[PDB]
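Only one chain is given next, in structure tokens, and it is the form deposited in one PDB entry.
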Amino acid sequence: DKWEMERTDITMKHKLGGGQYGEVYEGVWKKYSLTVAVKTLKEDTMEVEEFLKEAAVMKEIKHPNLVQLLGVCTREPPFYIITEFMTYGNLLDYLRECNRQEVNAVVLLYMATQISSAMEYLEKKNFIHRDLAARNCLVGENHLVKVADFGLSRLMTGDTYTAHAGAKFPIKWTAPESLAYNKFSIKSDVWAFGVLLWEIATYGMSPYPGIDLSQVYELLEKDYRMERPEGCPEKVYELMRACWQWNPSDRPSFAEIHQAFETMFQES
């Protein structure tokens, strides 16, 4: 289709992210003198059909706050997925290293509004993310934030995905039903979004600070939740706590979350 391009159109530069995102490189699309990001598969980091399906799914995603596909090379190996390049890197590092007078309260609402917009689109389009976290949000100039869209799964909005036996999760971002039963849904993405809000509010602190990973689930089942961060508006914390309702059904939708943030951003 229209997305297929010649591999030789791109010149590969260096690895991005220190391996955390797999085989991803900065590159140059020569014709346009345009920096792009390129993911490939040469070191057996995923299975071939999984990679090719990622590429297929990306073709369907079109939203201002989801990383945008530019093209693919899927005829013969090595296969490539080519996307827009986000200049800063990830939101976790961005928050940690930023000048807070610039990245101020208004900007944190702006960030939350952008990410919730992306998630509202995935909710509407029957996809789940499964790894929402600041390390998986990418930042460009002027505090533009886009959710990374590797790993998306198709799932009708009211259904559940069961992860493979033996799967290991990022415990501190993982909903209780996922931890206990390997069950994921758009509502487990909502849970993760609440943790992300806490990351934003703390300018990138590690969640459940000092708490043993093997005791996180136990704390959640006893109704422990992280306290409100310093400076965090009460309405924002209310939203975070709603994202952390034990029962998935009781958590807000992304459409509701995005509306709340848009309003707070517009009124700031």
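A residue's number is simply how far along the shown sequence it sits, counting from 1. The term rigid core refers to the most C-alpha atoms you can superpose between the two forms while keeping them within 1.5 Å.
The same protein also exists as the form deposited with a partner chain bound; that form is not shown, yet it is the one meant from here on.
In the entry with it bound, at least one heavy atom of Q20 sits within 4.5 Å of a heavy atom of the partner chain. Proximity of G151 to the partner chain in the entry with it bound: non-hydrogen atoms within 4.5 Å are absent; the residue sits far from the partner.
In the entry with it bound, the partner chain sits beyond 4.5 Å of every heavy atom of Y208. Contact check for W173: a non-hydrogen atom falls within 4.5 Å of the partner chain in the entry with it bound. With respect to the partner chain in the entry with it bound, the three residues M12, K15 and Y80 uniformly fall beyond 4.5 angstroms at the level of their nearest heavy atom. Just one residue from the list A163, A105, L144, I171 crosses the 2 Å line for C-alpha shift between the shown form and the other one on a rigid core fit, and it is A163.
Remark: with the core as the superposition reference, the CA shift of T45 between the shown form and the other one reaches 2 Å or more. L34 shows a C-alpha shift of 2 Å or greater between the shown form and the other one [criterion: core-superposed Cα displacement of 2 Å]. With the core held fixed between the shown form and the other one, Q20 has its Cα displaced by at least 2 Å.
Relative to this form, the distance between the C-alpha atoms of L122 and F150 is reduced by at least 3 angstroms in the entry with it bound. Relative to what is shown, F261 and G158 are farther apart in the entry with it bound; their C-alpha atoms differ in spacing by at least 3 Å.
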